[PDB]
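Chains as they are written, first to last, in the entry's author numbering: chain H, 0 to 40; chain C, 206 to 740; chain B, 247 to 329.
Even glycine gets a Cβ: it sits at the ideal position worked out from N, Cα and C.
Notes follow once the structure below has been shown.
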Amino acid sequence: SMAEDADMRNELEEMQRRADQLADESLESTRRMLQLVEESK
Amino acid sequence: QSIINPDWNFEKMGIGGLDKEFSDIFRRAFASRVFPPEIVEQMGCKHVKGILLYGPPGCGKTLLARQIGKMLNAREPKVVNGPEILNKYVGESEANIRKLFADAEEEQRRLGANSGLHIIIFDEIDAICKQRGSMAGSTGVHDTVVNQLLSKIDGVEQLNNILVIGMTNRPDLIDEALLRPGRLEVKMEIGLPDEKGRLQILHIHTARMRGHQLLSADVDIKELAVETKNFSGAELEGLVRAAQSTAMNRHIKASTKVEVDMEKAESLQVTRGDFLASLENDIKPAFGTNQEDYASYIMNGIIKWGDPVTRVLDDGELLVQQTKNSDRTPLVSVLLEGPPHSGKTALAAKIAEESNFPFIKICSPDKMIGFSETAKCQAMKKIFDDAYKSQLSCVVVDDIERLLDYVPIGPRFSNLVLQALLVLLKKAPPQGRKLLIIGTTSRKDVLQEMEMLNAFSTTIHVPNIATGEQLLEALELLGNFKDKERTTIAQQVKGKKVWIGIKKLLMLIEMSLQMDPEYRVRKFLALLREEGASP
Amino acid sequence: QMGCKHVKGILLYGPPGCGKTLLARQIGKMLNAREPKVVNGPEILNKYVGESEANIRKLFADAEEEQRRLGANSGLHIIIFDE
Ligand SMILES: Nc1ncnc2c1ncn2[C@@H]1O[C@H](COP(=O)(O)OP(=O)(O)OP(=O)(O)O)[C@@H](O)[C@H]1O
Ligand SMILES: Nc1ncnc2c1ncn2[C@@H]1O[C@H](COP(=O)(O)OP(=O)(O)OP(=O)(O)O)[C@@H](O)[C@H]1O
Ligand SMILES: Nc1ncnc2c1ncn2[C@@H]1O[C@H](COP(=O)(O)OP(=O)(O)OP(=O)(O)O)[C@@H](O)[C@H]1O
Numbered sequence: 000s001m002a003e004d005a006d007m008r009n010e011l012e013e014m015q016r017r018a019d020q021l022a023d024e025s026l027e028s029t030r031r032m033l034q035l036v037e038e039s040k
Numbered sequence: 206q207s208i209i210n211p212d213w214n215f216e217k218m219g220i221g222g223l224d225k226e227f228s229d230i231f232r233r234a235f236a237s238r239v240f241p242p243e244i245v246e247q248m249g250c251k252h253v254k255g256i257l258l259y260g261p262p263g264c265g266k267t268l269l270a271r272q273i274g275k276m277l278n279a280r281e282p283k284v285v286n287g288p289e290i291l292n293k294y295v296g297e298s299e300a301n302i303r304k305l306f307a308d309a310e311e312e313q314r315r316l317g318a319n320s321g322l323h324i325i326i327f328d329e330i331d332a333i334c335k336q337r338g339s340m341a342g343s344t345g346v347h348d349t350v351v352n353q354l355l356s357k358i359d360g361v362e363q364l365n366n367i368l369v370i371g372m373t374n375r376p377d378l379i380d381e382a383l384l385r386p387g388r389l390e391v392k393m394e395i396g397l398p399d400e401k402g403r404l405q406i407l408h409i410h411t412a413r414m415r416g417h418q419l420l421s422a423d424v425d426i427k428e429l430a431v432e433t434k435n436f437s438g439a440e441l442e443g444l445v446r447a448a449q450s451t452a453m454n455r456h457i458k459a460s461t462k463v464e465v466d467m468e469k470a471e472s473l474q475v476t477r478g479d480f481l482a483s484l485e486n487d488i489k490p491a492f493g494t495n496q497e498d499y500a501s502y503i504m505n506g507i508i509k510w511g512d513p514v515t516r517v518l519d520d521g522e523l524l525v526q527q528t529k530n531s532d533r534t535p536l537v538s539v540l541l542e543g544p545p546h547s548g549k550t551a552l553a554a555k556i557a558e559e560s561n562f563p564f565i566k567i568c569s570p571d572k573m574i575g576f577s578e579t580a581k582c583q584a585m586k587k588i589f590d591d592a593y594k595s596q597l598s599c600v601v602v603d604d605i606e607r608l609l610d611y612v613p614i615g616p617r618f619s620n621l622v623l624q625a626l627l628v629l630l631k632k633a634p635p636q637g638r639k640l641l642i643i644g645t646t647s648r649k650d651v652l653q654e655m656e657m658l659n660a661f662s663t664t665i666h667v668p669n670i671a672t673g674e675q676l677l678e679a680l681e682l683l684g685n686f687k688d689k690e691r692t693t694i695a696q697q698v699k700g701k702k703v704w705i706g707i708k709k710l711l712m713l714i715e716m717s718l719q720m721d722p723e724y725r726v727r728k729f730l731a732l733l734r735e736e737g738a739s740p
Numbered sequence: 247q248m249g250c251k252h253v254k255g256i257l258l259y260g261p262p263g264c265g266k267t268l269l270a271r272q273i274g275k276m277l278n279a280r281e282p283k284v285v286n287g288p289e290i291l292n293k294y295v296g297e298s299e300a301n302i303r304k305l306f307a308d309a310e311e312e313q314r315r316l317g318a319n320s321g322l323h324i325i326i327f328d329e
């Protein structure tokens, strides 16, 4: 009388890597491009 | 390209004592893949895609499986060792099973009728092929895998380039649906070898070692084969290995340190003495006999103190001869009865030993202390089932009265054991074999009243000591009291009658012997007088 | 030349406290083999399906591999069970 094994509930897909600061950096460059393009006119 | 390897040869296989089984397996599995495909197509048949094997441990199943797997000039056979396809994630077990057959399906759909050949080995098929419950509330632990396997082996799609093989020890537990002629058709049993089989096995496991002069001329292979009776396959190899090890150990030494001789190791030889030694105390057969039980039951031997012992032995020999050389009566039983302490078990054991049968087993209550009736029934069933696997057998039931759990008060006893024994004393063995059963008891009237004497075919009587002359003869044979005291004791006992069993006589002698040197006879006489007769 | 393999198992039994573990440890440490893999009683049982078989198979993996990659010149391995 030993509770038999149980099937692994399932998989809950969840993926997180290095986006935060990589895209914040990406942004800081576009802003400066915009400023320069504005300045030229 | 031929299916069989170009250089394959039967003698290289290294198998002995299974010629007929191998021939039949070949005939039923591969005969259709040898002649050109035109005739096979004309006959419009389909090749078999299943095999099965079973038997007692140590008979050469895995060896045959591996040999048949290697016999084909095709891809390398896959393998599965018991529950090696189970998984915890949902549905992965079925995907694992399906992955096995993917290559065969791709081959079939691609190349058609000239496709290749594939093999698989579901070793320990019994582990994950238990019978389906077929009832709500009894959900099986492995049911989806069984259903997937059944669907894949023969389902909505057809295959003709596959072959499955199984091996197990319990052929009565495999799922019923997995044994019809469409999935697993050819099934065979592997049993204990015979004399010629043992000779062949010993010859194959010795040919190589004879190549480099490692056998003296004292080894008589035929004598060794005849001596060893009803030995499983593995035990011959075990005996040979142990003999080689013990022979080699003599040249080497050690104790305090480890060293090896270099001037004697080049004259190594193995003789019959080491073989004998090991045969005696190295390998203990499983379906045979050994002297330990006889030494335990014949502790004080047998002494011929009169006529009845000879008549009893002659009757036993006659019954043994009848069972051995008869065909209309393959089941004969004899019941030994007598007063308590008359020494009846020893005579039964002596008859069983002298019978000279390959297989002898003694079922006694000594090993069943405290058991429940179900355990006793199971043990008896197992023993009798084991006794059905030999061309000659003999079983001895000891102390029936104590087996039934009898007690005069009430009286009380166990009905189930009595019913089992009654049904089990009329079951004829499988056709073509023989059996012999010997019983014992100390209360004949009880059994006669329970309607049990109509199951036994005969009956013998074992009497006690009846006259002073036989008591004197037994005393002289034992050799405890010398002539001087013998005269005095005889002068008393000669003029009367006695009633004692030999075991009680031994105990009385032992008890008397503890007194002073010149007080033994008087106390012995007093004890004998106090014993009484009680006819 | 003899064409024989080696025995694969040894079983020791006796009443508690007579010197079985000491003999086992000494015989294990005597040989030049690597450290003996030890199983402290039933420590391979698990609740999830198919974990006990994987754990059992894991023990023999290294020795099996080594045999495959060397052949007759492989090293020696030991496995010690408890209870
Ligand atoms: N006819 C035979 N000739 C030579 N060796 C044999 C023969 N039959 C069995 N053997 C021996 O069998 C040994 C392998 O064990 P085997 O496969 O026979 O056990 P098994 O019957 O499969 O046991 P289990 O009941 O666990 O499956 C080998 O050492 C092989 O020499
Ligand atoms: N010639 C003989 N005949 C019978 N028994 C003998 C003889 N010589 C010695 N014995 C001893 O008699 C003993 C009788 O066997 P055992 O101890 O089983 O007694 P039993 O009277 O047959 O049994 P039970 O107590 O169940 O009635 C045997 O152990 C054997 O040692
Ligand atoms: N032959 C021996 N000589 C000296 N010491 C011994 C001997 N046998 C056992 N011992 C002592 O046994 C002690 C440890 O015994 P241990 O409990 O390991 O043995 P065991 O009987 O195999 O155990 P277990 O009862 O757990 O199965 C060691 O300290 C050692 O001193």
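Contact test: residue i Cβ vs ligand 2 heavy atom, cutoff 8 angstroms
{"i": "C/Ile508", "result": "yes"}
{"i": "C/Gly260", "result": "no"}
{"i": "C/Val514", "result": "yes"}
{"i": "C/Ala500", "result": "no"}
{"i": "C/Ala671", "result": "no"}
{"i": "C/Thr550", "result": "yes"}
{"i": "C/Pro545", "result": "yes"}
{"i": "C/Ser739", "result": "no"}
Opposing strand residues paired with residue i [DSSP bridges]
{"i": "C/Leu626", "result": "None, per the DSSP bridge assignment."}
{"i": "C/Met372", "result": "C/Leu258, C/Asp328"}
{"i": "C/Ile244", "result": "For C/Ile244, which the question treats as bridged, DSSP gives no partner whatsoever."}
{"i": "C/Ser538", "result": "C/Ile642"}
{"i": "B/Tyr294", "result": "H/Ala5"}
{"i": "C/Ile556", "result": "DSSP output for C/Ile556 lists no bridge partner at all."}
{"i": "C/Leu277", "result": "C/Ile209"}
{"i": "C/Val602", "result": "C/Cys568"}
Helix, strand or coil at residue i according to DSSP, with G and I counted as helix
{"i": "C/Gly615", "result": "coil"}
{"i": "C/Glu735", "result": "helix"}
{"i": "C/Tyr593", "result": "coil"}
{"i": "H/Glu24", "result": "helix"}
{"i": "C/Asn286", "result": "strand"}
{"i": "C/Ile507", "result": "coil"}
{"i": "C/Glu464", "result": "strand"}
{"i": "C/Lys335", "result": "strand"}
{"i": "C/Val346", "result": "coil"}
{"i": "C/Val361", "result": "coil"}
{"i": "C/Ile379", "result": "strand"}
{"i": "C/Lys458", "result": "strand"}
{"i": "C/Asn486", "result": "coil"}
{"i": "C/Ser228", "result": "helix"}
{"i": "C/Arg516", "result": "helix"}
Distance cut-off 8 angstroms: residue i Cβ against heavy atoms of ligand 3
{"i": "residue 331 of chain B", "result": "The structure shown does not extend to residue 331 of chain B, since chain B is modelled only from 247 through 329, so no value can be given for it."}
{"i": "B/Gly263", "result": "yes"}
beta-carbon residue i near ligand 1 non-hydrogen atom, thresh 8 angstroms
{"i": "C/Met716", "result": "no"}
{"i": "C/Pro398", "result": "yes"}
{"i": "residue 193 of chain C", "result": "In the structure as shown, chain C starts at 206 and stops at 740, and residue 193 of chain C therefore has no counterpart that could be examined."}
{"i": "C/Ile705", "result": "no"}
{"i": "C/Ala439", "result": "yes"}
Problem - Every unbroken alpha helix (DSSP H) within the stretch 388-452 of chain C, with a cutoff of 4 residues, ordered by chain - result: 400-412, 426-432
Problem - Residues, ordered as in the chain, of the stretch 269-300 of chain C that lie near chain H by beta-carbon distance below 7 angstroms - result: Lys293, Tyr294, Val295
Handout entry: Every unbroken beta strand (DSSP E) within the stretch 638-721 of chain C, with a cutoff of 3 residues, ordered by chain
Key = 640-645
Exercise for the section: For the stretch 229-254 of chain C, enumerate the residues whose C-beta is nearer than 8 angstroms to any C-beta of chain B, in chain order. Expected result: none
Exercise for the section: Give the residues from the stretch 343-354 of chain C that approach chain H closer than 7 angstroms (Cβ to any Cβ), ordered along the chain. Expected result: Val346
Practice task
Please list the residues of the stretch 406-424 of chain C that have a C-beta atom closer than 9 angstroms to any C-beta atom in chain B, keeping them in chain order.
Solution key: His410, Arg413, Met414, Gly416, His417, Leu419
Problem - Against chain B: residues of the stretch 431-465 of chain C by CB proximity under 7 angstroms - result: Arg446, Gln449
Practice task
Check each residue of the stretch 14-29 of chain H: if its Cβ is closer than 9 angstroms to any Cβ of chain C, include it; give the result in chain order.
Solution key: none
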